[PDB]
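Structure, as structure tokens:
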Amino acid sequence: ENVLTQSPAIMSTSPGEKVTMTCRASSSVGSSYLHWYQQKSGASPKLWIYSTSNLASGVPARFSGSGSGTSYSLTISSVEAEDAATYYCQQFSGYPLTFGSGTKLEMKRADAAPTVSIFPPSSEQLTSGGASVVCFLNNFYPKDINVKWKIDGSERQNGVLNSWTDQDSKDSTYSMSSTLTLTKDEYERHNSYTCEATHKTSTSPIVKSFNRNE
Amino acid sequence: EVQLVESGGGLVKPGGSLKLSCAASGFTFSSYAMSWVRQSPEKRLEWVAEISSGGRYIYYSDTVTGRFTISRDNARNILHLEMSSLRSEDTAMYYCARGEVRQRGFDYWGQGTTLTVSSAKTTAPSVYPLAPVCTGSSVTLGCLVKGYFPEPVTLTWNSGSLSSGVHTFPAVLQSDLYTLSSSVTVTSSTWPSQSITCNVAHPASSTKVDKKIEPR
Amino acid sequence: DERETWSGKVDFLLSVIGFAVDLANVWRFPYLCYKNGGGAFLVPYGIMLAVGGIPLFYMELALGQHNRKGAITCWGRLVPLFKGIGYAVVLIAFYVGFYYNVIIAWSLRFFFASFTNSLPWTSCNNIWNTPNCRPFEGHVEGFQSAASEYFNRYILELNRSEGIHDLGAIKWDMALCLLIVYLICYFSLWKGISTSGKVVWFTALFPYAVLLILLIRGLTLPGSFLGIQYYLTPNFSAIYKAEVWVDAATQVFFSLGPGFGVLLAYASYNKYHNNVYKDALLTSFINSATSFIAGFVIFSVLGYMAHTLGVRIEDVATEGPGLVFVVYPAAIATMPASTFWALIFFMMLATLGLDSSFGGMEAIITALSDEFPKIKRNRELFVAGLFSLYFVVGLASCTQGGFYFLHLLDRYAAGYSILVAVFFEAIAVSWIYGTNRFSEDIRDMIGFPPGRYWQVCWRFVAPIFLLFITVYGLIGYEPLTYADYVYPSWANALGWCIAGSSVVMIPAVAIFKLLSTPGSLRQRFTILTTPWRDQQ
Ligand SMILES: CC(C)CCC[C@@H](C)[C@H]1CC[C@H]2[C@@H]3CC=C4C[C@@H](OC(=O)CCC(=O)O)CC[C@]4(C)[C@H]3CC[C@]12C
Ligand SMILES: CC(C)CCC[C@@H](C)[C@H]1CC[C@H]2[C@@H]3CC=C4C[C@@H](O)CC[C@]4(C)[C@H]3CC[C@]12C
Ligand SMILES: OC[C@H]1O[C@H](O[C@H]2[C@H](O)[C@@H](O)[C@@H](O)O[C@@H]2CO)[C@H](O)[C@@H](O)[C@@H]1O
Ligand SMILES: OC[C@H]1O[C@H](O[C@H]2[C@H](O)[C@@H](O)[C@@H](O)O[C@@H]2CO)[C@H](O)[C@@H](O)[C@@H]1O
Ligand SMILES: CCN(CC)C(=O)[C@]1(c2ccccc2)C[C@@H]1CN
Ligand SMILES: CCCCCCCCCC
Ligand SMILES: [Cl-]
Ligand code: NA
Ligand code: NA
């Protein structure tokens with residue numbers, strides 16, 4: 001098996017800049033046998049470069065290919081926002097046929113702070129014995145964000161589902177939802193629920209909270 | 001004009017068996033060899049099996065050999081992939097790619113069909129509405145689709161007419177149950193002035209519920 | 001399974017570059033340019049090369065690499081009904097051995113003859129000459145050149161033979177040269193390809209060096225540019241003549257040699273995924289290029305003969321053995337350092353045929369080893385049994401009358417026999433087996449399919465290109481004749497019962513196996529058209 005390794009795994013890039021990405025084979029590959037595919041989120045892959053340097057049909061001229069032997073490179077002269085995809089190299093010279101590990105290309109953006117929202121458990125939910133308090137953190141940058149749950153001022157760590165969105169194709173931002181799940185008998189013997197978000201933007205964390213009274 | 005559409009496939013139990021199908025159209029199918037490539041939920045492409053343009057040359061992968069079988073039907077332009085002795089590792093989206101020239105890669109890919117291989121059971125979601133806490137300019141609402149299986153569910157707002165300011169999150173699996181949530185923000189003058197419903201569909205379990213957001 | 005493979009990739013190419021390049025590139029192609037309007041002749045020759053020659057050259061090279069067996073087993077595995085095509089081709093190549101090596105001897109006899117301060121063929125006052133001996137070529141039949149009389153009267157002694165019935169005495173000076181040929185052939189092919197594919201490094205390459213130092217010596221002669229004019233001055237009048245496209249067509253086919261089971265044999269020891277299409281294109285072009293080069297080496301010295309020696313160009317612009325054993329030596333005998341031009345000229349003529357005899361015989365050895373394992377193990381013994389028989393019956397060709405028996409073989413052993421056999425090769429592969437199934441084979445090997453150009457040349461142009469030659473080969477037919485000698489009727493019938501002794505095994509084996517397998521009548525054809533690879 002000819003293991004193909006792509007580097008970097010994730011790179012962010014401001015439009016207009018120049019981006020290079022490498023494909024590294026564990027066994028030499030003939031340059032007429034190494035191809036490149038682009039894949040956008042929620043869609044199937046498309047053939048992008050075949051035989052190391054030949055562009056596929058519809059591929060703008062800002063893409064090139066070089067390399068030979070065990071090292072190859074895809075390069076974008078000046079990046080645009082419609083290039084935010086994941087790039088896979090492929091080897092067609094021996095069996096088993098092998099795909100690289102991927103390079104993810106994301107768009108760089110001005111740092112932006114998140115917008116936090118609390119949502120106490122829905123009444124329809126409380127009927128069945130369950131209480132899920134959810135927190136949204138919307139339209140922010142960069143991707144890393146940390147969250148903390150407090151119940152009556154004491155930090156709760158277990159039973160939390162966190163989910164991330166793909167980079168928005170309009171403002172290049174991110175968003176995350178954290179969802180604390182506790183039993184109904186648990187939710188009804190505490191009063192204050194708090195959702196604290198630590199992000200690179202602010203030193204102190206953004207707080208959003210509510211009391212089971214109002 | 002050339003188009004590949006894959007088909008069949010869904011939920012199987014381990015040891016089960018399924019047969020997928022790819023419907024070729026818009027070119028001379030019999031002149032081009034074809035191949036099955038899969039994509040795990042960790043987003044890693046993996047080649048499965050190639051079949052020559054007349055089916056006389058057939059290459060499998062060491063991870064599916066002895067279990068999977070590839071075949072052609074140049075009479076009706078169909079590419080099959082018979083899977084037996086299925087394992088949870090075989091869980092992926094299966095793609096159908098057209099590659100006759102090794103020096104040219106896979107010139108056309110289909111659209112995928114999804115295979116889940118779990119001993120888990122099909123359960124329908126309960127869909128909770130998220131309203132704010134009893135407050136100006138823009139308001140934000142939510143919908144909570146919790147404890148369903150398998151994928152997928154579809155989530156819209158007001159039957160699809162509300163497309164801006166919506167942030168619907170990818171599902172996360174936890175003890176064999178998917179949980180999903182969606183976020184919609186509208187101006188403080190649009191809600192609860194108008195009505196915001198959450199339309200959720202889970203065809204695997206024959207669930208089609210609407211949930212209207214109301215204040216407490 | 002694990003059969004041999006060329007120790008190096010160049011060993012394969014030189015074995016093919018070498019099999020394809022022989023005296024016909026020297027004593028036949030330049031003449032055709034000369035006869036058919038110079039450069040203009042390159043038009044039909046290229047068109048016939050590009051649509052007849054290279055298609056058939058690529059085809060057999062592919063089949064050889066793909067099916068991994070000699071000519072009998074291989075055709076038996078594509079279309080078992082037509083397994084006889086393999087049998088026929090091995091015979092045709094077996095026959096050609098009975099006269100092809102005898103011309104290598106002639107080259108060595110003149111080599112061992114050029115060890116002298118004064119070459120013997122230049123003067124008309126020897127014991128073998130006649131009162132009708134001119135010093136150079138003429139256009140009156142009863143008055144020959146000092147080199148036509150050396151060749152036809154000392155080397156050959158053809159004058160002492162009233163015809164084919166009169167073989168007379170064995171010239172043991174020539175019979176020794178024939179043994180030296182089969183000795184060279186034995187110790188190049190006996191221990192297999194690991195050694196063969198090394199000897200071609202000298203025999204395929206040595207000509208290119210002699211061609212170069214004779215090209216310089218030829219172009220620096222008073223009157224050399226006048227020869228090049230006679231060689232290449234375009235006259236497109238002839239392109240409109242049908243008898244020119246046939247000369248192109250026929251030179252293209254018999255100069256590349258597709259269908260004789262030799263490229264099949266040679267390619268069978270290639271690795272399965274070798275880029276044989278590039279090997280076809282490279283090797284082919286190198287053949288036609290080697291003739292184009294040689295044509296300057298000839299017509300330079302031909303113009304120098306016409307300018308500083310007073311001979312009509314028509315009288316030295318010859319083809320066949322006469323051009324290299326009579327005309328061109330007689331031009332060397334005038335230039336200084338003559339002894340050196342002779343020795344390299346004849347050593348060139350010899351190494352030009354040895355490459356080709358190797359492959360003709362290797363096609364035989366391979367085809368039978370891959371079918372009779374009794375002889376695949378016993379190889380060193382087997383080839384001794386083949387060459388000794390070749391030599392023993394080849395003593396007949398070392399007689400005073402030998403040449404008559406050779407011209408006969410020259411006409412019938414690989415004449416229409418190979419044309420009709422290759423006709424059923426194109427039909428078997430393209431139509432019965434399948435172009436599509438063949439392309440799918442080729443894809444699995446080199447990774448892409450043959451372009452539509454190649455596939456149209458394979459089911460349409462190839463059998464018509466062949467038919468085109470074979471029909472005109474029968475239109476302008478004549479009874480067999482050399483000088484004033486007319487071969488008797490029973491000689492010709494003997495010749496036909498040699499050409500047919502190979503073609504007949506095509507329908508004979510197709511009739512034998514058809515009556516050897518159980519089932520219904522159609523049920524038989526289907527079993528005798530299913531390939532060995534499909535049944536498993
Ligand atoms: C010194 C002189 C005699 C030149 C020697 C070579 C030539 C006689 C030329 C003339 C026409 C040439 C041919 C013209 C066109 C073709 C078809 C051409 O077809 C394609 O490009 C399709 C490729 C595909 O379908 O995969 C490939 C090369 C070939 C055989 C060429 C090979 C070289 C040829 C025989
Ligand atoms: C004017 C005349 C004499 C020029 C002679 C041309 C000579 C130099 C050319 C013609 C054919 C050529 C050979 C043909 C095939 C190949 C295969 C390749 O993988 C390596 C070089 C090699 C082995 C070539 C060496 C150079 C060669 C011998
Ligand atoms: O051109 C069709 C298709 O196959 C081509 O085949 C090439 C071959 O790869 C080369 O080595 C050389 O033989 O020229 C051939 C022309 O057919 C190309 O390989 C490929 O790019 C092309 O799409
Ligand atoms: O070279 C072999 C050859 O040697 C002799 O022929 C000679 C001849 O003897 C000399 O007079 C020389 O000048 O001419 C020939 C060589 O060119 C033998 O007579 C002959 O039998 C033998 O084949
Ligand atoms: C002995 C060389 N062989 C092997 C049998 C040939 O086929 C050739 C041949 C010889 C005589 C008549 C026609 C063709 C030389 C062609 C090919 N280059
Ligand atoms: C054992 C095979 C030998 C075949 C020789 C046939 C000679 C035919 C000439 C008329
Ligand atoms: Cl030629
Ligand atoms: Na030739
Ligand atoms: Na030769």
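If you're wondering about the labels, chains in the structure tokens are A, B, ... by order shown, residues count from 1 in each chain, ligands from 1 in order shown.
If you take only C-alpha atoms and a cut-off of 7 Å, the residues of chain B that reach chain C are residues 52, 53, 54, 100, 101, 102 and 103 of chain B.
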Can I get the selected residues back with N, CA and C atoms, as a short mmCIF file (atom, residue, chain, number, x, y, z; two decimals), in the first residue's frame?
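Produced file selection26.cif, reproduced below:
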```cif
data_model
loop_
_atom_site.label_atom_id
_atom_site.label_comp_id
_atom_site.auth_asym_id
_atom_site.auth_seq_id
_atom_site.Cartn_x
_atom_site.Cartn_y
_atom_site.Cartn_z
N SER B 52 -12.75 -3.55 -15.10
CA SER B 52 -12.39 -3.12 -16.44
C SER B 52 -13.66 -2.85 -17.26
N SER B 53 -13.46 -2.15 -18.38
CA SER B 53 -14.55 -1.79 -19.28
C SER B 53 -15.39 -2.99 -19.75
N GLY B 54 -14.87 -4.22 -19.69
CA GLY B 54 -15.67 -5.37 -20.06
C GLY B 54 -15.77 -6.36 -18.92
N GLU B 100 -11.10 5.39 -16.86
CA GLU B 100 -10.67 4.43 -17.92
C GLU B 100 -9.18 4.64 -18.22
N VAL B 101 -8.71 5.89 -18.11
CA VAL B 101 -7.31 6.21 -18.38
C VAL B 101 -6.64 6.42 -17.03
N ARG B 102 -5.68 5.54 -16.71
CA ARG B 102 -4.96 5.64 -15.44
C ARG B 102 -4.17 6.94 -15.37
N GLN B 103 -3.72 7.43 -16.52
CA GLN B 103 -2.99 8.68 -16.57
C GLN B 103 -3.91 9.89 -16.48
#
```
Checklist entry - as a ChimeraX atom specification, which residues of range 107-271 of chain C does DSSP assign to alpha helix (DSSP H)? => result /C:107-111,146-150,172-189,193-203,206-219,224-232,242-256,262-268
Contact check, chain C to ligand 4, at most 7 Å, counting only C-alpha atoms and all ligand atoms, closest pairs as a Markdown table:
```
| residue | atom | partner | partner_atom_place_in_ligand_line | distance |
| --- | --- | --- | --- | --- |
| C:112 | CA | ligand 4 | 1 (O) | 4.6 |
| C:113 | CA | ligand 4 | 17 (O) | 3.5 |
| C:114 | CA | ligand 4 | 17 (O) | 5.6 |
| C:115 | CA | ligand 4 | 17 (O) | 6.3 |
| C:116 | CA | ligand 4 | 13 (O) | 6.3 |
| C:119 | CA | ligand 4 | 17 (O) | 6.7 |
| C:120 | CA | ligand 4 | 17 (O) | 5.9 |
| C:173 | CA | ligand 4 | 23 (O) | 4.8 |
```
Store the residues of this selection in a file with N, CA and C atoms, as a short mmCIF file (atom, residue, chain, number, x, y, z; two decimals), in the first residue's frame.
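What ended up in again-v1.cif:
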```cif
data_model
loop_
_atom_site.label_atom_id
_atom_site.label_comp_id
_atom_site.auth_asym_id
_atom_site.auth_seq_id
_atom_site.Cartn_x
_atom_site.Cartn_y
_atom_site.Cartn_z
N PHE C 112 36.34 -12.32 -45.58
CA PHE C 112 37.58 -13.07 -45.64
C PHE C 112 38.27 -12.92 -46.99
N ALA C 113 37.63 -12.24 -47.95
CA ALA C 113 38.18 -11.99 -49.27
C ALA C 113 38.85 -10.64 -49.38
N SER C 114 38.51 -9.72 -48.48
CA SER C 114 39.04 -8.36 -48.46
C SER C 114 40.24 -8.21 -47.54
N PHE C 115 40.93 -9.31 -47.22
CA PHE C 115 42.17 -9.20 -46.47
C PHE C 115 43.34 -9.16 -47.46
N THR C 116 43.44 -8.04 -48.18
CA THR C 116 44.44 -7.95 -49.24
C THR C 116 44.70 -6.51 -49.63
N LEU C 119 42.13 -5.66 -53.68
CA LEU C 119 40.89 -6.42 -53.71
C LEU C 119 40.74 -7.18 -55.03
N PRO C 120 40.30 -8.43 -55.01
CA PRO C 120 40.30 -9.24 -56.24
C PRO C 120 39.26 -8.88 -57.30
N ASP C 173 34.68 -23.71 -49.44
CA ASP C 173 34.99 -22.38 -48.92
C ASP C 173 33.73 -21.61 -48.48
#
```
Checklist entry - Using only C-alpha atoms and all ligand atoms, which of C:401, C:197, C:385, C:463 sits nearest ligand 6? => result C:385
List as a Markdown table every residue of chain C that is in contact with ligand 2, defined as an atom at most 6 Å from one of its atoms (using only C-alpha atoms and all ligand atoms), together with the nearest atom pair and the distance in Å rounded to one decimal, sorted by chain and then rising number.
```
| residue | atom | partner | partner_atom_place_in_ligand_line | distance |
| --- | --- | --- | --- | --- |
| C:10 | CA | ligand 2 | 19 (O) | 5.5 |
| C:205 | CA | ligand 2 | 28 (C) | 5.6 |
| C:208 | CA | ligand 2 | 3 (C) | 4.8 |
| C:209 | CA | ligand 2 | 3 (C) | 5.8 |
| C:211 | CA | ligand 2 | 3 (C) | 4.9 |
| C:212 | CA | ligand 2 | 3 (C) | 3.7 |
```
Write a file of the just-selected residues containing C-alpha atoms, as a compact mmCIF listing (two decimals), in the first residue's frame.
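So the final result, stored in part.txt, reads:
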```txt
# COMPACT_ATOMS: atom_id res chain seq x y z
CA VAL C 10 17.55 -2.00 -24.02
CA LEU C 205 24.70 -1.21 -33.14
CA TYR C 208 25.19 2.43 -37.18
CA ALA C 209 28.93 3.08 -36.76
CA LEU C 211 26.92 3.63 -41.71
CA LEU C 212 28.43 6.78 -40.18
```
Residue hits in chain A, query chain B, radius 8 Å, only C-alpha atoms, as a PDB file with N, CA and C atoms, in the first residue's frame:
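Contents of iface.pdb, freshly written:
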```pdb
ATOM      1  N   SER A  32       3.226  10.928 -14.361  1.00  0.00           N
ATOM      2  CA  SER A  32       2.030  10.881 -15.182  1.00  0.00           C
ATOM      3  C   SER A  32       0.894  10.138 -14.508  1.00  0.00           C
ATOM      4  N   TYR A  33       1.091   9.712 -13.255  1.00  0.00           N
ATOM      5  CA  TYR A  33       0.131   8.895 -12.519  1.00  0.00           C
ATOM      6  C   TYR A  33      -0.388   9.565 -11.248  1.00  0.00           C
ATOM      7  N   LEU A  34       0.040  10.785 -10.936  1.00  0.00           N
ATOM      8  CA  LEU A  34      -0.355  11.454  -9.704  1.00  0.00           C
ATOM      9  C   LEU A  34      -1.350  12.564 -10.022  1.00  0.00           C
ATOM     10  N   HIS A  35      -2.551  12.470  -9.458  1.00  0.00           N
ATOM     11  CA  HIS A  35      -3.604  13.418  -9.778  1.00  0.00           C
ATOM     12  C   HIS A  35      -4.067  14.099  -8.496  1.00  0.00           C
ATOM     13  N   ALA A  43     -20.542  18.118  -0.874  1.00  0.00           N
ATOM     14  CA  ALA A  43     -20.571  17.706  -2.278  1.00  0.00           C
ATOM     15  C   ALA A  43     -19.516  16.640  -2.535  1.00  0.00           C
ATOM     16  N   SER A  44     -19.656  15.966  -3.685  1.00  0.00           N
ATOM     17  CA  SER A  44     -18.734  14.943  -4.170  1.00  0.00           C
ATOM     18  C   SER A  44     -17.463  15.575  -4.721  1.00  0.00           C
ATOM     19  N   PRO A  45     -16.380  14.801  -4.840  1.00  0.00           N
ATOM     20  CA  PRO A  45     -15.110  15.352  -5.346  1.00  0.00           C
ATOM     21  C   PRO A  45     -15.120  15.621  -6.854  1.00  0.00           C
ATOM     22  N   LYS A  46     -14.215  16.498  -7.289  1.00  0.00           N
ATOM     23  CA  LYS A  46     -14.061  16.774  -8.707  1.00  0.00           C
ATOM     24  C   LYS A  46     -12.604  16.616  -9.138  1.00  0.00           C
ATOM     25  N   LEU A  47     -12.374  16.031 -10.315  1.00  0.00           N
ATOM     26  CA  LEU A  47     -11.008  15.937 -10.823  1.00  0.00           C
ATOM     27  C   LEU A  47     -10.485  17.323 -11.161  1.00  0.00           C
ATOM     28  N   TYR A  50      -4.545  16.302 -13.312  1.00  0.00           N
ATOM     29  CA  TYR A  50      -4.085  14.960 -13.681  1.00  0.00           C
ATOM     30  C   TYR A  50      -2.669  15.032 -14.256  1.00  0.00           C
ATOM     31  N   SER A  51      -1.916  13.930 -14.143  1.00  0.00           N
ATOM     32  CA  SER A  51      -0.507  13.867 -14.582  1.00  0.00           C
ATOM     33  C   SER A  51       0.320  15.031 -14.031  1.00  0.00           C
ATOM     34  N   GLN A  90      -4.046  11.758  -5.441  1.00  0.00           N
ATOM     35  CA  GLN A  90      -4.311  10.344  -5.694  1.00  0.00           C
ATOM     36  C   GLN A  90      -3.187   9.735  -6.527  1.00  0.00           C
ATOM     37  N   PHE A  92      -2.309   6.456  -9.069  1.00  0.00           N
ATOM     38  CA  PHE A  92      -2.987   5.524  -9.972  1.00  0.00           C
ATOM     39  C   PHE A  92      -2.008   4.553 -10.615  1.00  0.00           C
ATOM     40  N   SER A  93      -0.774   4.505 -10.113  1.00  0.00           N
ATOM     41  CA  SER A  93       0.296   3.746 -10.745  1.00  0.00           C
ATOM     42  C   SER A  93       0.380   2.294 -10.262  1.00  0.00           C
ATOM     43  N   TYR A  95      -1.617  -0.952  -7.522  1.00  0.00           N
ATOM     44  CA  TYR A  95      -2.748  -1.385  -6.715  1.00  0.00           C
ATOM     45  C   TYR A  95      -2.260  -1.856  -5.352  1.00  0.00           C
ATOM     46  N   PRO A  96      -2.963  -1.553  -4.250  1.00  0.00           N
ATOM     47  CA  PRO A  96      -4.218  -0.786  -4.149  1.00  0.00           C
ATOM     48  C   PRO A  96      -4.046   0.707  -4.483  1.00  0.00           C
ATOM     49  N   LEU A  97      -5.069   1.290  -5.120  1.00  0.00           N
ATOM     50  CA  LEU A  97      -5.104   2.722  -5.402  1.00  0.00           C
ATOM     51  C   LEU A  97      -5.294   3.506  -4.108  1.00  0.00           C
ATOM     52  N   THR A  98      -4.506   4.572  -3.926  1.00  0.00           N
ATOM     53  CA  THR A  98      -4.448   5.285  -2.650  1.00  0.00           C
ATOM     54  C   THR A  98      -4.687   6.786  -2.805  1.00  0.00           C
ATOM     55  N   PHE A  99      -5.449   7.337  -1.855  1.00  0.00           N
ATOM     56  CA  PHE A  99      -5.720   8.765  -1.782  1.00  0.00           C
ATOM     57  C   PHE A  99      -4.872   9.336  -0.649  1.00  0.00           C
ATOM     58  N   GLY A 100      -4.472  10.587  -0.783  1.00  0.00           N
ATOM     59  CA  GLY A 100      -3.779  11.251   0.297  1.00  0.00           C
ATOM     60  C   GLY A 100      -4.676  11.440   1.508  1.00  0.00           C
ATOM     61  N   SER A 101      -4.116  12.100   2.524  1.00  0.00           N
ATOM     62  CA  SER A 101      -4.814  12.274   3.795  1.00  0.00           C
ATOM     63  C   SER A 101      -5.687  13.527   3.823  1.00  0.00           C
ATOM     64  N   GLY A 102      -5.505  14.435   2.873  1.00  0.00           N
ATOM     65  CA  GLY A 102      -6.210  15.706   2.749  1.00  0.00           C
ATOM     66  C   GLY A 102      -5.409  16.914   3.215  1.00  0.00           C
ATOM     67  N   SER A 117     -26.412  32.916  23.320  1.00  0.00           N
ATOM     68  CA  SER A 117     -27.846  32.824  23.601  1.00  0.00           C
ATOM     69  C   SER A 117     -28.138  31.620  24.498  1.00  0.00           C
ATOM     70  N   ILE A 118     -28.938  31.812  25.595  1.00  0.00           N
ATOM     71  CA  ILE A 118     -29.354  30.712  26.472  1.00  0.00           C
ATOM     72  C   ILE A 118     -30.730  30.222  26.050  1.00  0.00           C
ATOM     73  N   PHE A 119     -31.003  28.942  26.293  1.00  0.00           N
ATOM     74  CA  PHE A 119     -32.313  28.363  26.011  1.00  0.00           C
ATOM     75  C   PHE A 119     -32.644  27.301  27.045  1.00  0.00           C
ATOM     76  N   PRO A 120     -33.456  27.632  28.056  1.00  0.00           N
ATOM     77  CA  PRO A 120     -33.840  26.645  29.078  1.00  0.00           C
ATOM     78  C   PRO A 120     -34.693  25.544  28.493  1.00  0.00           C
ATOM     79  N   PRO A 121     -34.832  24.410  29.191  1.00  0.00           N
ATOM     80  CA  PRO A 121     -35.487  23.245  28.589  1.00  0.00           C
ATOM     81  C   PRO A 121     -36.925  23.523  28.171  1.00  0.00           C
ATOM     82  N   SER A 122     -37.228  23.092  26.944  1.00  0.00           N
ATOM     83  CA  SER A 122     -38.561  23.162  26.364  1.00  0.00           C
ATOM     84  C   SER A 122     -39.577  22.427  27.235  1.00  0.00           C
ATOM     85  N   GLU A 124     -42.342  20.849  26.312  1.00  0.00           N
ATOM     86  CA  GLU A 124     -42.605  19.534  25.725  1.00  0.00           C
ATOM     87  C   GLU A 124     -41.555  18.520  26.158  1.00  0.00           C
ATOM     88  N   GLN A 125     -40.319  18.969  26.351  1.00  0.00           N
ATOM     89  CA  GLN A 125     -39.264  18.058  26.772  1.00  0.00           C
ATOM     90  C   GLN A 125     -39.418  17.686  28.236  1.00  0.00           C
ATOM     91  N   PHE A 136     -25.984  28.659  22.281  1.00  0.00           N
ATOM     92  CA  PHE A 136     -25.494  28.928  20.932  1.00  0.00           C
ATOM     93  C   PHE A 136     -24.347  29.935  21.027  1.00  0.00           C
ATOM     94  N   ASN A 138     -22.632  32.184  18.021  1.00  0.00           N
ATOM     95  CA  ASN A 138     -22.859  32.414  16.596  1.00  0.00           C
ATOM     96  C   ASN A 138     -21.945  33.479  15.997  1.00  0.00           C
ATOM     97  N   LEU A 161     -22.871  17.936  24.794  1.00  0.00           N
ATOM     98  CA  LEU A 161     -22.694  17.687  23.367  1.00  0.00           C
ATOM     99  C   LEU A 161     -22.294  19.009  22.698  1.00  0.00           C
ATOM    100  N   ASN A 162     -21.108  19.049  22.107  1.00  0.00           N
ATOM    101  CA  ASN A 162     -20.640  20.220  21.379  1.00  0.00           C
ATOM    102  C   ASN A 162     -20.599  19.926  19.889  1.00  0.00           C
ATOM    103  N   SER A 163     -21.064  20.885  19.078  1.00  0.00           N
ATOM    104  CA  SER A 163     -21.081  20.739  17.628  1.00  0.00           C
ATOM    105  C   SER A 163     -20.599  22.018  16.962  1.00  0.00           C
ATOM    106  N   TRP A 164     -19.827  21.869  15.887  1.00  0.00           N
ATOM    107  CA  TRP A 164     -19.221  22.979  15.164  1.00  0.00           C
ATOM    108  C   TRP A 164     -19.807  23.053  13.761  1.00  0.00           C
ATOM    109  N   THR A 165     -19.896  24.256  13.194  1.00  0.00           N
ATOM    110  CA  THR A 165     -20.279  24.406  11.795  1.00  0.00           C
ATOM    111  C   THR A 165     -19.037  24.518  10.909  1.00  0.00           C
ATOM    112  N   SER A 175     -19.468  28.932  13.953  1.00  0.00           N
ATOM    113  CA  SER A 175     -20.504  28.913  14.987  1.00  0.00           C
ATOM    114  C   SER A 175     -20.474  27.559  15.687  1.00  0.00           C
ATOM    115  N   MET A 176     -20.877  27.543  16.963  1.00  0.00           N
ATOM    116  CA  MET A 176     -20.934  26.323  17.773  1.00  0.00           C
ATOM    117  C   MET A 176     -22.158  26.315  18.695  1.00  0.00           C
ATOM    118  N   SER A 177     -22.724  25.114  18.909  1.00  0.00           N
ATOM    119  CA  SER A 177     -23.759  24.866  19.906  1.00  0.00           C
ATOM    120  C   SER A 177     -23.253  23.858  20.935  1.00  0.00           C
ATOM    121  N   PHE A 210     -29.546  32.599  33.321  1.00  0.00           N
ATOM    122  CA  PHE A 210     -30.977  32.723  33.555  1.00  0.00           C
ATOM    123  C   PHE A 210     -31.317  32.001  34.849  1.00  0.00           C
ATOM    124  N   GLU A 214     -38.261  33.177  36.426  1.00  0.00           N
ATOM    125  CA  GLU A 214     -38.963  34.025  35.453  1.00  0.00           C
ATOM    126  C   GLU A 214     -39.454  33.201  34.263  1.00  0.00           C
TER     127      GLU A 214
END
```
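For ligand 1, the protein and nucleic acid residues at most 7 Å away, judged by only C-alpha atoms and all ligand atoms, amount to residues 42, 45, 46, 47, 49, 50, 54, 281, 285, 288, 289, 292, 450, 451, 452, 453 and 454 of chain C.
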Item to check | At most 10 Å from ligand 7 (only C-alpha atoms and all ligand atoms): residue list as JSON, numbers by chain | outcome: {"C": [20, 21, 22, 23, 24, 25, 26, 27, 28, 29, 30, 32, 45, 49, 248, 250, 251, 252, 253, 254, 255, 256, 284, 287, 288, 289, 290, 291, 292]}
Next on the checklist: List the spatial neighbours of range 180-190 of chain C as a PyMOL selection string - criterion: any atom at most 8 Å away, only C-alpha atoms, same-chain residues fewer than 2 positions off excluded.
Outcome noted: chain C and resi 101+104-105+176-178+192-193+195-196+199+354+357-358+362+379-380+383-384+387+391
Selection from above, C-alpha atoms, as a CSV table (one decimal), in the first residue's frame, can you write it?
```
chain,number,residue,atom,x,y,z
C,101,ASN,CA,21.7,-17.3,-43.6
C,104,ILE,CA,25.2,-13.8,-44.5
C,105,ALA,CA,27.9,-16.3,-45.6
C,176,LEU,CA,32.7,-23.1,-44.1
C,177,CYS,CA,31.2,-19.6,-44.1
C,178,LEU,CA,27.7,-21.0,-43.5
C,192,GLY,CA,18.5,-18.2,-23.6
C,193,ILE,CA,17.7,-14.5,-23.7
C,195,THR,CA,22.8,-13.9,-23.5
C,196,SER,CA,21.0,-13.2,-26.8
C,199,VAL,CA,24.8,-9.9,-28.5
C,354,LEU,CA,22.5,-11.9,-37.9
C,357,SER,CA,18.2,-14.5,-38.2
C,358,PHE,CA,18.3,-14.6,-34.4
C,362,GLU,CA,14.0,-17.3,-31.7
C,379,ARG,CA,17.0,-26.5,-25.0
C,380,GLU,CA,20.7,-26.6,-25.6
C,383,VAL,CA,18.8,-25.9,-31.1
C,384,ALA,CA,21.8,-28.1,-32.0
C,387,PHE,CA,20.9,-25.7,-36.8
C,391,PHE,CA,23.4,-26.6,-42.0
```
